[PDB]
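In order, the protein sequence lines correspond to chains A and B.
Taking the deposited numbering, the leading residue of the first sequence gets 1, the next gets one more, and so forth.
Taking the deposited numbering, the leading residue of the second sequence gets 0, the next gets one more, and so forth.
For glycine and all other residues, C-beta sits at the position ideal for the given N, C-alpha and C.
Notes for the one structure printed next.
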Amino acid sequence: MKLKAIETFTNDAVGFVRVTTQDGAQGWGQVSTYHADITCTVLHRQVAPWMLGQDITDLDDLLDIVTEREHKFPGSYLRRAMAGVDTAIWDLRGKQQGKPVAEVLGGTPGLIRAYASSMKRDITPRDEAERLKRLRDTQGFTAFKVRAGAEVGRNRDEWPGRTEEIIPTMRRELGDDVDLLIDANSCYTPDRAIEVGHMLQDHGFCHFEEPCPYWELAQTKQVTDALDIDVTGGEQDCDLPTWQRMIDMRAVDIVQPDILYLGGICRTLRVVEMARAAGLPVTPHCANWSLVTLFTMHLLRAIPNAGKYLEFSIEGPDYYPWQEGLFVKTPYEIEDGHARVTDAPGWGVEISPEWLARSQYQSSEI
Amino acid sequence: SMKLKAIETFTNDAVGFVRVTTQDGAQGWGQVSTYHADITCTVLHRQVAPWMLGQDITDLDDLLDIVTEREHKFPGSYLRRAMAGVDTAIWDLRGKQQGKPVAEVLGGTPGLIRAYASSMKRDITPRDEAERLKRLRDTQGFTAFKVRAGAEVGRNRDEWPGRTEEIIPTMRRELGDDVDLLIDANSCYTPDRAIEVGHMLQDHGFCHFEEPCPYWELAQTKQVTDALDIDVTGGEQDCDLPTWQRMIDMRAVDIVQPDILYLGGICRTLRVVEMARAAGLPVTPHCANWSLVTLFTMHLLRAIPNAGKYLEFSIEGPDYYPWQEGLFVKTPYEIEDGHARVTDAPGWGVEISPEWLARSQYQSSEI
Ligand SMILES: [Cl-]
Ligand SMILES: [Cl-]
Ligand SMILES: [Mg+2]
Ligand SMILES: [Mg+2]
Ligand SMILES: [Mg+2]
Ligand SMILES: [Mg+2]
């Protein structure tokens, strides 16, 4: 229908969005995490003005108008902001139809296999394998991702030999009955990445993520065509034209869009379409317990070319202190290695009234 | 001293200035890109200052790369708009430390730069547009003029039926045969429609066709460039260096037009200038208002080896840019027979208005 108001409730780490249509119906979404306060300022300054009082039936076209009206601001922030209104609108639709978003998207509620994703690089290989082994046995995870090199470390490792050690260590401690994934986070050059690539293949890994600087498509494509193991990437890509370019030249084997970094469900679905047309699987990026993971769970239960599993961060409050207490009831309980999309209308989650009380509020209305 | 001790911003919603201070106490003034400058300044302190404070600014290029790598999850305009403010303040500091205008620090010399009168309006009839530009031709001495075609990112639609068809011959008729005529479509057309418009431009001697197609569709722009004889230009919204490399490598345009502040500063703009230089392409930067962006461009144009034909010079008044009034103690934009001037004053050679600063929103970061 038509939007009458857009409100944001945020702190520096995460911000939630509530949209209200003319008839009074409301929906809840979330902008991308990290510097969420800046993102919400951008939302009211450059997104709300173009969406308020407009028909949201053709959301794709409306979001395009936003980016065209703000064409002088290509990049992350505008899209992180857009994602908040988009996701709130989908929650609205689900609640209006009495269906979870997965169903509105043409899918069905149910379980989704998840892979335990480690975010740490400072942690020692021994301690990593140890905590992931406990999760394998207590939570039922059958897929695990660890870190390689140093974050955008210009070919330098977290420390001499960490990557060499962590590769075999993980396969040794977790056994041969689990899937192993690794993420270099744009640390290596095509050649250094190829070196590491072989060490990975020798130990059974099946996922080599962001081996080279993500903005250097060519370098990445060199690794992808040089290795047999799957090379993946795309989490930092929020530009659709660049997405099409990446998929046409096939710089990767698996595409990994982040629903919120990309600009919402609608825009992510465009990448999903580009991916299937090229016959590529979609394994989204979602690295924390904000709503980004839940949004991805609904998406994976609806798209025809979904990857093998849902990225599920296994970090605690020491890494993500801000994600504690966000919801009345967490939607992230794991059941034998799987997450669950329930039949609750919309996203099926409630933002903590206490968290909202402490948030910074801002509204845009017509 | 070459180590930053502090970074301060003075801003309002339209424009924000940056002052940097080295450990020895030396200071330089720069500016972040205009428009939602308050947000840009917030981004500057949150995502730029933390990586630059306390560091040696001798190799500013590498330091700026570190900023983009540390903030790799934030590709896009805002981070670069913020970085541009620290970068330009550092160049002012260097010029002042050396007693030289930035143009000289960059390897160039002070002097005149030919400017082209740039109209920003589409909601102005071809008749009134020609009239005001003709008067500027006679009173200011401009010999180059740029007007607008189509509707801004108008999806092939014109501001109104037939406006572009009328404005082309009107400018040539009214301004005469002895002036250069440029036009900017601001991403309005599809390649086919742009080519039709291109033919009209060529039929009336225009020499510059800017941003004919959506700027993010390099292949579309290239099709136009390849089909038309008239120079096709673009690049003002491009802040990504690898995209710049792709655009130049594929020869999508005939003239590159980086905006010093949208691109992230002088250092980063110089990287694009070099890409263009090696490829044999000229550089005609974008600078659309009387904030410091135009002055920064003036200094750059007095130094690069592959400069284009002229400096973009906005001729809009306070009805269009109310916020650019009273920014400086003395305007650096007085025109002399169609030319702007870079003086030998150290640094940028300008002083921010104390009154404007008094009314600004202040924020500082220091170590
Ligand atoms: Cl941005
Ligand atoms: Cl860049
Ligand atoms: Mg990753
Ligand atoms: Mg391969
Ligand atoms: Mg232009
Ligand atoms: Mg040509």
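Closer than 7 Å, Cβ to any Cβ of chain B: which residues of the stretch 65 to 93 of chain A, in chain order? Within the stretch 65 to 93 of chain A, contact with chain B at the beta-carbon level (separation under 7 Å) is assigned to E68, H71, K72, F73, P74, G75, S76, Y77.
How about A/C187 and A/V152: are their beta carbons less than 9 Å apart? Yes, they are a contact pair.
Note down, in chain order, every chain B residue with its Cβ under 9 Å from the Cβ of A/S186. For A/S186, the chain B residues whose C-beta falls within less than 9 Å of its own C-beta are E68, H71, listed in chain order.
Could you tell me whether the Cβ of B/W215 comes closer than 9 Å to any Cβ of chain A? Residue-level contact check: B/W215 touches chain A, since one or more beta carbons of chain A fall below 9 Å from its beta carbon.
When you measure from the CB of B/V196 to every non-hydrogen atom of ligand 6, does any distance come out below 8 Å? Distance from the C-beta of B/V196 to the nearest heavy atom of ligand 6 is not below 8 Å.
Starting from B/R147 and walking both ways along the beta strand (DSSP E), at which residues does that stretch end? Going by DSSP, B/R147 is part of the beta strand (DSSP E) stretching over 143 to 147.
From this set, B/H198, B/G307, B/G204, B/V231, which residue's C-alpha is nearest B/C212's C-alpha? Looking at the Cα atoms, B/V231 is the closest of the given residues.
Neighbouring residues, chain A, relative to B/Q236 (Cβ below 9 Å): Within chain A, the C-beta atoms nearer than 9 Å to that of B/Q236 come from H71, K72, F73, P74, in chain order.
Provide the residue span of the alpha helix (DSSP H) that contains B/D191, from first to last. Per DSSP, B/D191 belongs to the alpha helix (DSSP H) from 190 to 202.
Give me the DSSP bridge partner(s) of A/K4. DSSP output for A/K4 lists no bridge partner at all.
Is the CB-CB distance between A/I6 and A/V14 below 9 Å? No, the Cβ-Cβ distance between A/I6 and A/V14 is not below 9 Å.
The alpha helix (DSSP H) that contains A/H298, what's its start and end? Note, A/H298: alpha helix (DSSP H), 292 to 300.
Which whole-angstrom value is the C-beta distance of A/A143 and A/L181, which I expect to be below 8 Å? For A/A143 against A/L181, the beta-carbon gap comes to about 7 Å, under 8 Å, which counts as contact.
Residue 369 of chain A (DSSP reduced to helix, strand or coil): Absent from the model: residue 369 of chain A. The displayed extent of chain A is 1 to 366, so no value can be given.
Hey, quick one: how far does the alpha helix (DSSP H) through A/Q97 stretch, first residue to last? Where A/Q97 is concerned, the enclosing alpha helix (DSSP H) stretches over 76 to 97.
How would you list, in chain order, the residues of chain B whose beta-carbon sits under 7 Å from the beta-carbon of A/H35? Listed by position along chain B, the residues whose Cβ is nearer than 7 Å to that of A/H35 are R45.
So within the stretch 226 to 264 of chain A, which uninterrupted alpha helix (DSSP H) runs reach at least 4 residues, ignoring any that extend past its ends? Runs found: 240 to 249, 259 to 262.
B/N185 CB to nearest heavy atom of ligand 5 below 8 Å: Correct: B/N185 has its Cβ closer than 8 Å to ligand 5.
State the beta-bridge partners of B/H207 as determined by DSSP. The partner list for B/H207 (beta bridge, DSSP) reads B/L181.
Relative to ligand 1, is the shortest distance from any of its heavy atoms to the C-beta of B/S290 smaller than 8 Å? No, ligand 1 has no heavy atom inside 8 Å of this Cβ.
Name the chain B residues whose beta carbon is nearer than 7 Å to that of A/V42? Neighbours of A/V42 across chain B, judged by C-beta separation under 7 Å: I38.
Using a Cβ-Cβ cut-off of less than 7 Å, list which residues of the stretch 239 to 262 of chain A approach chain B; keep chain order. From the stretch 239 to 262 of chain A, only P241 have a Cβ closer than 7 Å to chain B.
On the premise that B/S32 lies in contact with B/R69, defined as a C-beta separation below 8 Å, what is that separation, rounded to the nearest angstrom? The pair is not a contact, with the Cβ atoms about 20 Å apart (cut-off 8 Å).
So, at 7 Å on beta carbons, what are the nonlocal neighbours of B/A150 in its own chain, with the 5 sequence-adjacent residues on each side left out? The answer, listed in chain order, is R121, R156, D157, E158, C187.
Based on Cα-Cα distance, which residue from A/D91, A/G204, A/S117, A/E216 lies nearest to A/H298? With respect to the C-alpha of A/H298, the residue from A/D91, A/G204, A/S117, A/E216 having the closest C-alpha is A/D91.
Where does B/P345 fall in DSSP's three states? In the three-state reduction of the DSSP assignment, B/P345 falls in the coil class, being assigned neither a helical nor a strand state.
Candidates B/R250, B/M249, B/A251, B/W243: closest to B/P257 by CA position: Of the candidates B/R250, B/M249, B/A251, B/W243, B/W243 places its Cα closest to the Cα of B/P257.
If you compare alpha carbons, which of A/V255, A/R301, A/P281 is closest to A/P100? Ranking the options by Cα distance to A/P100, first place goes to A/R301.
According to a CB-to-CB cut-off of less than 7 Å, which residues of the stretch 128 to 153 of chain A neighbour chain B? For the stretch 128 to 153 of chain A, the beta-carbon criterion of a distance under 7 Å to any beta-carbon of chain B is satisfied by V152.
Going by the C-beta, is A/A226 closer than 8 Å to any heavy atom of ligand 4? Yes, the beta carbon of A/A226 sits closer than 8 Å to at least one heavy atom of ligand 4.
Any idea which residues DSSP pairs B/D55 with across the strands? For B/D55, which the question treats as bridged, DSSP gives the partners B/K2.
B/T330, enclosing beta strand (DSSP E) - first and last residue: Note, B/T330: premise wrong, no beta strand (DSSP E); not H, not E.
Just list the residues that DSSP pairs A/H338 with in beta bridges. BP columns for A/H338 point to A/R113, A/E335.
Is A/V255 near ligand 4, with its Cβ less than 8 Å from a heavy atom? It does not: the Cβ of A/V255 is nowhere closer than 8 Å to a heavy atom of ligand 4.
Given B/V292, which residues of its chain have a CB within under 6 Å of its CB, disregarding the five upstream and five downstream residues? Correct list, in chain order: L260, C286.
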